Structure formats: C-alpha cells, structure tokens
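What follows is calculated from the coordinates using simple rules that are stated; it is not laboratory data. Please note: Cβ atoms are built from the backbone with ideal geometry, for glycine as well, and neighbour counts cover all protein chains shown.
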Amino acid sequence: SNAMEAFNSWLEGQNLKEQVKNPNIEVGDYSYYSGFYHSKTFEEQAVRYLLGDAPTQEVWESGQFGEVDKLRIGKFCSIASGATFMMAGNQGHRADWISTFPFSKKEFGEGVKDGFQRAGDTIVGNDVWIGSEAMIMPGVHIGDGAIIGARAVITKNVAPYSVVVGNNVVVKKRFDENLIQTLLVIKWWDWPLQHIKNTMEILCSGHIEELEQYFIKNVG
Amino acid sequence: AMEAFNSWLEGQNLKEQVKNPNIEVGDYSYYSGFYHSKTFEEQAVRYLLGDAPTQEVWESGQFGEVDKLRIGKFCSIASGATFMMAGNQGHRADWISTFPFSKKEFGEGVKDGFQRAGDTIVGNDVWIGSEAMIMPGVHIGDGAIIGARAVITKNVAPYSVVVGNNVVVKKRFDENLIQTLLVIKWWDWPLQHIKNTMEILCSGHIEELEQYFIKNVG
Amino acid sequence: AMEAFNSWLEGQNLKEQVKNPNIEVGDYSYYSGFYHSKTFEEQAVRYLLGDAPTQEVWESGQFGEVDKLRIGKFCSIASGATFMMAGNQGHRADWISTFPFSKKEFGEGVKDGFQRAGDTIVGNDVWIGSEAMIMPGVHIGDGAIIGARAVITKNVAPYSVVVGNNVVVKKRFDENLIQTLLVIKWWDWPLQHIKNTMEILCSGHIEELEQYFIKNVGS
Ligand SMILES: C[C@H](CCC(=O)NCCS(=O)(=O)O)[C@H]1CC[C@H]2[C@@H]3[C@H](O)C[C@@H]4C[C@H](O)CC[C@]4(C)[C@H]3C[C@H](O)[C@]12C
Ligand SMILES: C[C@H](CCC(=O)NCCS(=O)(=O)O)[C@H]1CC[C@H]2[C@@H]3[C@H](O)C[C@@H]4C[C@H](O)CC[C@]4(C)[C@H]3C[C@H](O)[C@]12C
Ligand SMILES: C[C@H](CCC(=O)NCCS(=O)(=O)O)[C@H]1CC[C@H]2[C@@H]3[C@H](O)C[C@@H]4C[C@H](O)CC[C@]4(C)[C@H]3C[C@H](O)[C@]12C
Ligand SMILES: [Cl-]
Ligand SMILES: [Cl-]
Ligand SMILES: [Cl-]
C-alpha cells in the first residue's frame, strides 16, 4: 500500500489554529486549509522555508539563528489547495551583490559574507480567500477581505477587499469605498461568537449597512 | 482506475478511461500526464462531484445538477493541465464574508453561498499546454491553443492562441480559413476520410482540405 | 533515499549528479529541490530524450539529434523550476490540426510535425526562482534573475530580472557595470582568484572587482 496523505477528500478542510505547531506561524480562529489536491499538511506543503518546521526543528531549537520572518494569518481565512507562502526572505541571494550565488565557506574560504536579508513578516488579514496554487512572496501584507485569485503571484501589498490575480493585477474591489471603510471599523471577525452567530443572516448577504446597524445596537 | 504512465512518450486515451458521469470526452483526445503521475480524473479534473473521493456522496442523490466538464475530439492535454470545477465552491465575493461558515459551528442563520458556473466546454482539436489551469465555466472553441501555465478565465475564440492571464497572442489562420474549418468539421468525418486526408491535415493547406470535403464528404 | 532531500537546507551539486548526455551543467551550480522531492533530472528537466524513462529508447538511435539543456557555472536553481525540452513535441500550430496522429491509428499519410527549438542555454551566475518554467529554445544570459513562477519564452538579456509572462522588471546594475562584468567573467577565473576576491564578490563593488581583474587576472 502507498503512504497516507493529509486529506481523504476535497470536501475536507483542516482548521489551522488547532493544527499548526511552528512557533514562527500564528493563525487565527476558524481559518482552514483545504489541501486535498496537494497531499500534505499546511505546514509541510503550503508554508515554505520557515525555520522551525519539521525538517529544521532540531536546528531551530539550538537557538543560534536569531529572529526570522514570521507568517501571521488572521481569522476566517479560506486557503485553497496548493496555496504557497514563501518564507526566508531572499534565502541568501543578493541581487545587489556581484553574484547571487551562496558561496560556502567550506568551498570558497573565509572571505564569504552571509547575504541573508529578512523581508519582514508575511501577514494575511481577516476574511481573506486565497485561491488554489497562489504564491505569496516574502514580506507582503494582504489586507482584510481580500481575494487572491487561483495561481496569482503576490509580490506587493494587497489593499483590503481587493481582488488580485496573476502578476499583482487588482481587477476590482468587492465593495464601494464607503462600505469597505465601514467593514474596517466594525471588524465583525473580532465580535464575540454569539454576535457573529446572531448576524449570520446578514453576513451571508451583501447588506453591509444592516451589519453596521447591528453593530451600533448590539456590539459597540 | 489508476493506470500510470511509464514514460512521457505515452498518453492516455481519455474516452476509454474516464468514468465520471459528469465528464464527457470525445474520440482520440488524450492526457499525457507522466510528470504529474496520477490519472486525468485524479489530478487534472478537480472538485467535480462524482470523482473518486466523492463517488459515495454523489451517488446518494443530494446535490442535483452540477457543472460538467465537456471535451471534444482530437484534443491534446499536456501534463498537469487542470480543469477547476464546482463553481465558486461556496465563496461569494458579493456577500460580506467569503468564509463558508458551517451550520454545526455557526447555527441556522447560515446561507449556502454555492453558485454554479455553467459547464466547462472544450471543443475539438484543442491543444492545452502543461500546467495550464482552466477556471470554471470557460468555453474553449475548436482549434484553440492554450499555452503552458496559462490561467484561462474567459472564453477562448476558435483557433486562437492564448497564454498567461488570458492573453490572446494571435489566431492560427485568417478569418475566412477559420470559417472554412468551422463549416467542414474534419473531426466529425468518417475515419476513412480523415485517414485519406491525413497528408492534407499535416499541412497548412486548408483550402485543399475544403476541396477534399466538397468532392468526397459532402 | 540517498538522492532525497532531507530538508530545504540541502542543495544538490548538479555537475556531480547529472548523467543525461543531453544535459551540460557547469561547476558549482545546484538544485535546491526539497519541496518537489525528486531529483533534478526527474522533476526539473522535462521531455529530454536520454533521461531515465527514455534511456533505452535513446540508446537505439531512432531519433538523431535533439535540443540539449546547457547550464553554466554558479547557477542557483530553486525547487520545482522546470526546463521544458523536446521543442514543439510534434504539435504544429501552422498545420490544420495540432493533434499528433499516430501511424498505427491513421495510416501512412501521417507526417512528423516535430521541430527543434534549439538548445536551452542558461548562462553563468543565474538564479532561477521556485516553480519558474523555462520554455524550449530560450537563452538566459549571464547574471540574470528569473522570478519565482515566471514563464520564460523569450531570450533573457544578461543581468536582467524577469518575472511573470516575460516581464523585464529591471537590470541589476547600470549598463557600463554590466559591460565590465561581461568582460572580466569572474566565473571563469582560476579558483584561487575567486577565493581571494570573495570579499568583493559578496558586495556590490563591481569597480573593485575590476581592479582585482586588472591587477591580478587580466590576460
Ligand atoms: C473543504 C472546504 C473547507 C471545509 C472546512 O473545513 N470548513 C470549515 C468551516 S467552519 O470553521 O467549521 O465554520 C469546504 C469549504 C466550502 C466547501 C464547498 C461548499 O460548501 C459548496 C459545495 C457544497 C457541496 O455539498 C459539496 C461541494 C462543495 C463545493 C463544498 C466542497 C468542500 O467541502 C468546501 C470547499
Ligand atoms: C505522449 C504524447 C501523446 C501520445 C498519444 O497518446 N498519442 C495519441 C495519438 S493516436 O490517437 O494513437 O493517433 C505524444 C504526442 C507527441 C509525442 C512527441 C512527438 O511524437 C515528437 C517526438 C518523437 C520521438 O519519437 C519521441 C519524443 C517526441 C517529443 C514525442 C514524445 C511523446 O511521445 C509525444 C509528446
Ligand atoms: C539549499 C541552498 C543551497 C545549498 C547548496 O547547494 N550550496 C552550495 C554552495 S557551494 O557550491 O558548496 O559553494 C542554500 C543556499 C542558500 C541557503 C540559505 C541562506 O544561506 C540563508 C539562510 C541561512 C540559514 O542558516 C538557514 C536558512 C537559509 C535561508 C539558507 C537555507 C538553505 O541552506 C540555502 C537556500
Ligand atoms: Cl476552499
Ligand atoms: Cl502533449
Ligand atoms: Cl536556492
């Protein structure tokens, strides 16, 4: 028989907050990875080159690395199969040095300088839908409510409630600016769970103004 | 079934292999998937109810009518090309949240956001390059060529060459010669006529192909 | 298991591993393939006759000459980057059909539509990002950088940075400094001189590298 896979069907999603173990990843409530078509868990397949994962754990716990770029994911995010977070910044390749090659001191002597540069944290905000096989490059911030298209290659920050495909192409904003601004103040992802339950009929609709009134009367 | 590929020299005839009732594929169309290992139904056609991991739930008769994958004759589908089915998979960009709240977690106010996209329709004599992704509901007209790694979200006119993010590079022939191919439809000819005309098909001589049609096919 | 990557800290020296007669790769170039598992010749180089699935077929001689994959020195090839060989794979966009009719199925009128694209040539000091796809016939010049997930179908000039659908983002350096690097070619220096200049190579001081060349290397 063959080696098991992480998912038994594409009907299944994995709650990330209950699963993730890398101290360098932070994932908020309800966010899930539906990874059936790429076989492996979120931490072994989707999050790449993050020190402290399974293949680098023993090396990370030696404590000789210093701080690295972290991956922070908000609440209520939908991460589709094969979506990829590229960590570890430039992975030691300096486009501004004469060579991008990572000469080893073992082969090229003591003149070698380390070209690793942090890119900063990768941040995914709340209520973000990341389509299948999108690739998120180091250091980007994807604002709340954004949609990343399948196969998108995201190298720039994504404004809240933007829809972005391909080579950072913003194809629309989900709502008008005034209503976007409204969702960013009331922040329904931060409400107590019973208030989200109570307003579920409004969240499964386009009536932002109804949502804003529920906030005024009940949440505040 | 899970008949593998021994090398990239071999393709898999699709009409003889596919079992999903929601997939239609015509004669001679194949999948050359050596570099992605698994079968066309397992690896290339994604999120289609009735496939291997969801055959049980589909046979239970719960969902009704889903979008189908329709593929014509004489198509060439390269390793890792993917057809994305199941519409918006329940995410509604026009609702406040895209999150698919479960009833068992968020109560009865949950509304099902699923929306079909319509069938995915691929015509005849279409060439789909390696690791292209075909998004839900797209129609790809006869004779079109999809570049490797293309991400196709709009309909593709017959005999056009499309790459990248729906970038139409060109059309394969002049408009009048396209129209001639779309009338004569060599992919529907009796096999003897395709064989007899094979020396013309392996050329650019469309009007000589039309001469053959007028005189022998009718 | 020995050819497996144990972690993404691990890279495979290509000149010591590659066996396909139709691949040439220079000193020190490597493949960091942990996230796509298989070796460089199994996963990155595609449709090249003489690889493992087609060795016995290529042993016969049925085919003659095919496009080769040529990679220079000091190239960094990230996981899942792909080199597409075998040219048009017998699909002729200028013929009425792109379908590769087999003679067993359609008879003796079948004509072979295969056309070579030319060798795929990667220069020296090239960095190819993860899951980029290099299409047949492409020349990638010295010092170039190919972004992650780029799809390269046109030639890449020296020291250019290319992403997406052949998008030229920038050149790494001013034109004059690129010219200086294309003259002095540090990748061809005796190893003693590469070591001695390591402190310069690990910086942006091209004119200092030129000073080293003039005073110690220049033929
Ligand atoms: C596997 C995906 C995520 C599952 C998950 O883990 N949800 C957590 C929600 S919660 O924190 O417990 O509220 C879910 C999300 C949406 C699901 C899809 C949507 O529900 C729409 C249809 C519904 C059909 O019954 C099955 C196919 C399907 C296309 C679903 C397939 C699959 O189960 C999906 C894609
Ligand atoms: C695996 C591909 C499809 C195989 C298939 O199933 N054909 C069905 C035709 S038919 O209904 O029986 O008429 C075939 C089609 C074209 C083939 C390529 C072309 O024939 C061109 C060359 C020819 C060389 O002999 C092998 C490499 C190669 C580059 C071939 C590799 C591979 O065998 C290809 C790519
Ligand atoms: C696996 C990669 C290549 C290994 C290799 O084959 N080197 C050969 C050079 S030489 O002929 O022996 O001179 C190396 C090159 C750059 C390395 C990265 C850079 O060195 C930057 C940091 C350094 C940290 O110690 C580990 C993570 C890391 C992000 C490294 C991970 C990994 O080991 C990388 C990516
Ligand atoms: Cl999903
Ligand atoms: Cl093919
Ligand atoms: Cl690397």
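Among the residues of region C:99-130, what is the count of those that are surrounded by fewer than 23 Cβ atoms within 10 Å (Cβ to Cβ) and at the interface with chain B (Cβ under 10 Å from one of its Cβ atoms)?
The total comes to 13.
Can we say A:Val27 is within 16 Å of A:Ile136 (Cβ to Cβ) and within 16 Å of ligand 4 (Cβ to nearest atom)?
Yes.
Residues of region B:18-38 being in contact with a strand residue (DSSP E or B) (Cβ under 8 Å, 6 or more places away or on another chain) and within 14 Å of ligand 2 (Cβ to nearest atom), which ones? Please lay out each step first, then the result.
Start the filter on region B:18-38 by keeping residues that are in contact with a strand residue (DSSP E or B) (Cβ under 8 Å, 6 or more places away or on another chain), which leaves B:18, B:20, B:22-26, B:28-33, B:35.
Residues satisfying the conditions are B:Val25, B:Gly26, B:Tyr28, B:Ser29, B:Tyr30, B:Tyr31, B:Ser32, B:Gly33, B:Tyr35.
Just the residues that are in contact (Cβ under 8 Å) with a residue 24 or more places away in the chain and in contact with a strand residue (DSSP E or B) (Cβ under 9 Å, 6 or more places away or on another chain), please, taken from region C:164-216.
C:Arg172, C:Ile178
Just one of (1) facing chain A (nearest Cβ under 9 Å); (2) surrounded by 19 or more Cβ atoms within 10 Å (Cβ to Cβ); (3) more than 16 Å from ligand 4 (Cβ to nearest atom) trips up B:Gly80, so point out which.
(1)
Which of the residues belonging to region A:127-148 are of a type outside the set (A, V, I, L, M) and over 24 Å from A:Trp188 (Cβ atoms)?
Let us first name the residues in region A:127-148 that are of a type outside the set (A, V, I, L, M), namely A:127, A:129, A:131-133, A:138-139, A:141, A:143-145.
Answer for region A:127-148, where residues must be of a type outside the set (A, V, I, L, M) and over 24 Å from A:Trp188 (Cβ atoms): A:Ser132, A:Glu133, A:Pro138, A:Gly139.
Output the number of residues of region C:133-152 satisfying the condition of being touching a residue at least 40 places away in the same chain (Cβ under 8 Å) and either charged (D, E, K, R) or assigned to a loop (DSSP other than H, G, I, E, B) (or both).
5
Residue-wise test of (1) aliphatic (A, V, I, L, M); (2) more than 30 Å from A:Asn168 (Cα to Cα); (3) not in a helix (DSSP H, G or I).
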{"site": "C:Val162", "(1), (2), (3)": "yes, no, yes"}
{"site": "C:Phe173", "(1), (2), (3)": "no, no, yes"}
{"site": "C:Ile178", "(1), (2), (3)": "yes, no, no"}
{"site": "C:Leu182", "(1), (2), (3)": "yes, yes, no"}
{"site": "C:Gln192", "(1), (2), (3)": "no, yes, no"}
{"site": "C:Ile200", "(1), (2), (3)": "yes, yes, no"}
{"site": "C:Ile214", "(1), (2), (3)": "yes, yes, no"}
{"site": "C:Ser219", "(1), (2), (3)": "no, yes, yes"}
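Among what's in region A:83-98 and is away from ligand 1 (no atom under 16 Å from the Cβ) and closer than 30 Å to A:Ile196 by Cβ, pick the residue that is surrounded by the most Cβ atoms within 10 Å (Cβ to Cβ). Show your work before the answer.
Kept after step one, since they are away from ligand 1 (no atom under 16 Å from the Cβ), are these residues of region A:83-98: A:84-98.
Subset that is closer than 30 Å to A:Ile196 by Cβ: A:84-85.
Values: A:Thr84: 22, A:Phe85: 24.
The residue in question is A:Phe85.
Looking at region C:21-30, can you tell me whether even one residue there is touching a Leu at 6+ places or on another chain (Cβ under 6 Å), part of a loop (DSSP other than H, G, I, E, B) and surrounded by 14 or more Cβ atoms within 10 Å (Cβ to Cβ)?
yes
Which one of these does C:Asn166 not meet: (1) within 9 Å of chain A (Cβ to nearest Cβ); (2) within 22 Å of B:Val151 (Cα to Cα); (3) touching a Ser or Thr at 6+ places or on another chain (Cβ under 7 Å)?
Just one mismatch for C:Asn166, condition (1).
Looking at region A:83-98, which of its residues are β-branched (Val, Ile, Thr) and either away from chain C (no Cβ under 13 Å) or within 16 Å of ligand 4 (Cβ to nearest atom) (or both)?
A:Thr84
Out of A:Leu16, A:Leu71, report the one residue that is within 14 Å of ligand 1 (Cβ to nearest atom), buried (at least 20 other Cβ atoms within 10 Å of the Cβ) and away from every other protein chain (no Cβ under 11 Å).
Result: A:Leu16 is the single residue among A:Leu16, A:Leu71 that is within 14 Å of ligand 1 (Cβ to nearest atom), buried (at least 20 other Cβ atoms within 10 Å of the Cβ) and away from every other protein chain (no Cβ under 11 Å).
Scan region A:1-40 for residues that are among the polar types (S, T, N, Q), more than 16 Å from ligand 3 (Cβ to nearest atom) and over 21 Å from C:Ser32 (Cα atoms) and jot them down.
Within region A:1-40, A:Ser1, A:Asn2, A:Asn8, A:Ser9, A:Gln14, A:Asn15, A:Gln19, A:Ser31, A:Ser34 qualify.
Name every residue in region A:132-158 that is more than 11 Å from the chain's Cα centre (by Cα) and away from chain C (no Cβ under 14 Å), in order of residue number.
Across region A:132-158, the qualifying residues are A:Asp144, A:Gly145, A:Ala146, A:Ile147, A:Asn157, A:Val158.
Condition first: in contact with a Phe, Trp or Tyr (Cβ under 6 Å, 6 or more places away or on another chain) and facing chain A (nearest Cβ under 7 Å). Now tell me which residues in region C:189-199 satisfy that.
C:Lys195, C:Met198
Scan region A:1-20 for residues that are assigned to a loop (DSSP other than H, G, I, E, B), within 21 Å of B:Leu49 (Cα to Cα) and of a type outside the set (A, V, I, L, M) and report the count.
So in region A:1-20, the residues assigned to a loop (DSSP other than H, G, I, E, B) come out as A:1-13, A:16-20.
Still in the list and also within 21 Å of B:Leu49 (Cα to Cα): A:5-13.
Those still in the list that are of a type outside the set (A, V, I, L, M) too: A:5, A:7-10, A:12-13.
Number of matching residues: 7.
Does B:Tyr47 satisfy the criteria of being more than 13 Å from ligand 5 (Cβ to nearest atom) and in contact (Cβ under 8 Å) with a residue 40 or more places away in the chain?
Yes, satisfied.
With the structure loaded, tell me whether A:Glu177 is more than 9 Å from chain B (Cβ to nearest Cβ), surrounded by fewer than 19 Cβ atoms within 10 Å (Cβ to Cβ) and charged (D, E, K, R) or whether it fails that test.
On the way: more than 9 Å from chain B (Cβ to nearest Cβ): yes; surrounded by fewer than 19 Cβ atoms within 10 Å (Cβ to Cβ): yes; charged (D, E, K, R): yes.
When the stated conditions are applied, A:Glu177 passes them.
Hey, does region C:42-63 have a residue that's more than 14 Å from chain B (Cβ to nearest Cβ), over 22 Å from C:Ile152 (Cβ atoms) and either surrounded by fewer than 18 Cβ atoms within 10 Å (Cβ to Cβ) or more than 16 Å from ligand 4 (Cβ to nearest atom) (or both)?
yes
For C:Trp186, work out the one condition from (1) over 17 Å from C:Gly204 (Cα atoms); (2) within 12 Å of chain A (Cβ to nearest Cβ); (3) crowded, with 20+ Cβ neighbours inside 10 Å it doesn't fulfil.
C:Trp186 satisfies every listed condition except (1).
Can we say B:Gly147 is more than 16 Å from ligand 1 (Cβ to nearest atom) and over 22 Å from A:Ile130 (Cα atoms)? Quick ask: steps written out before the conclusion?
Working: more than 16 Å from ligand 1 (Cβ to nearest atom): yes; over 22 Å from A:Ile130 (Cα atoms): yes.
Against the criterion (more than 16 Å from ligand 1 (Cβ to nearest atom) and over 22 Å from A:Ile130 (Cα atoms)), B:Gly147 qualifies.
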